[PDB]
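Encoded as structure tokens, the following chain is the form deposited in one PDB entry, with no partner shown.
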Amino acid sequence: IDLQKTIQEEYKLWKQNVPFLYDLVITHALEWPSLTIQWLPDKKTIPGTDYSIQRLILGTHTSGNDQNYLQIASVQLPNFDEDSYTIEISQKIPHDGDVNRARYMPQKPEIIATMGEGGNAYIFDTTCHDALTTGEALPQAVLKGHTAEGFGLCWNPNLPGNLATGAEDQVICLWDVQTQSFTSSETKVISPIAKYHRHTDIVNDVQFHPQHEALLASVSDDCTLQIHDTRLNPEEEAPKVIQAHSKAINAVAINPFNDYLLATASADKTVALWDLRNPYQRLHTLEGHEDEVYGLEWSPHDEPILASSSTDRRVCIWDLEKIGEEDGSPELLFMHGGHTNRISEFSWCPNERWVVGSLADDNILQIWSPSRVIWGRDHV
């Protein structure tokens, strides 16, 4: 793939340092760039081997006219010891537009929701897509509600089948997806159970609280963070609207261990920290990215660890326990520099500690782990 001269220089410096800064790097080019990535929760152990098989959801983003696909990639991840590996596209499911975002249902991971063409969302049941299917691979459901494409998508981890989406139409849709009717022969057409008309610009991201069924956070180009209670009536305005940044907010992430800790990522190159009990008081600002921050995700294993990604091509990992303080930001624990274009999405591996899968706009998939020399510094 074409690299500009300076980019090519940087990438070769990065590769030279990889053995010192990383315990693992696996690189792969995909036939099409993917806008989205998420590790599936399952791990398949082959007894007697030094690896396990894990899986990732990927999408495509085609130049135009060429068919798009929702994809599942199977990855050989080595076991990490205590004193090349294969990546194949397992399933490929025809998808209508670009796959702007894709998320498996936590309670039923064979069910995958996507944000696709023109604002339609789609539901796929992977057990309806296999070598035995007789006709067209169809979505199991199309969710008709948005009037423009969107990138906000989140399943409710405490209410099976409950889905939230947000789009460039400024709207948040709530959906109730009942899956026990799904078939490979028909596409169910579903309308929303509620629509929120509370943002005044593109809704970039939505996230259900991991421990509270009714709490939905949303962020927008209107520079607000909003906390909605989906028990109350839909056109009643969100009981919490925060003027959180001076520029567009692209991502929101709720700590999966600290039920009050929320993070936002913004076009002001900043990540900010928020206490949900008193959400108008910003707790801290995290600086280090050189361009807009677009992606945000807490470690699934370590409460103080947060990752962010940016059009500056970096994934940054932040250690919140270093906030209390010899010239750079102490909470910036690690900066991944393996990508040569803007990062589209990344995802923490749920089955291995300190492993990230990341994608960039130039078709590269990287699976990497920073060295325990960096993250285990205060181990014994």
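For the two forms, the rigid core is made up of the largest set of C-alpha atoms that agree within 1.5 Å on superposition. Residues carry their position along the shown sequence, with the first being 1.
Notably, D205 is never a gap: all other compared entries of this protein, restricted to those modelling both its neighbours, have coordinates for it, so the one-third criterion is not met. In at least a third of the other compared PDB entries of this protein that cover both flanking sides, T133 is left without coordinates.
Unmodelled residues of the deposited sequence between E325 and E326: 4 to 9. Stretches compared: 164-172, 135-143. Higher mean C-alpha B-factor in the entry: 135-143. In this entry, the higher average B-factor at the C-alpha atoms falls on 224-232, of the pair 224-232 and 99-107. Among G116, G152, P300, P78, the highest C-alpha B-factor in the deposited entry belongs to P78. Sorting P330, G338, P41, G59 by the CA temperature factor given in the entry leaves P330 at the top. Remark: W274 belongs to the middle third of its chain, ranked by C-alpha B-factor as recorded. Among the modelled residues of its chain, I46 has a C-alpha B-factor that falls in the highest third, as given in the PDB entry. Per the PDB record, residue ranking by Cα B-factor puts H245 in the middle third of the chain. The entry lists a Cα temperature factor for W318 that places it in the lowest third of the chain's modelled residues. Ranked by C-alpha B-factor against the other modelled residues of its chain, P239 falls in the highest third.
Just so it is clear, the following notes concern the form solved in complex with a partner chain, a form of the same protein that is not shown.
Proximity to its partner chain in the deposited bound form, defined as a heavy atom within 4.5 Å, singles out one entry of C349, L332, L35, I53, which is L332.
Shown alone, this chain has one stretch from 341-349, 39-47, 314-322, 64-72 that lies within 4.5 Å of its partner chain in the deposited bound form by heavy atoms: 314-322. Shown alone here, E10 lies within 4.5 Å of its partner chain in the deposited bound form, counting heavy atoms only. Lining up the core between this form and the one not shown shows that one residue from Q211, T183, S90, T285 moves its Cα 2 Å or more, and that residue is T183. In the core-superposed comparison between this form and the one not shown, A137 has its Cα shifted by at least 2 Å. In the deposited bound form, the separation between the C-alpha atoms of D130 and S74 grows by 3 Å or more relative to the displayed form. Compared with the form shown here, the C-alpha atoms of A73 and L132 sit at least 3 Å farther apart in the deposited bound form.
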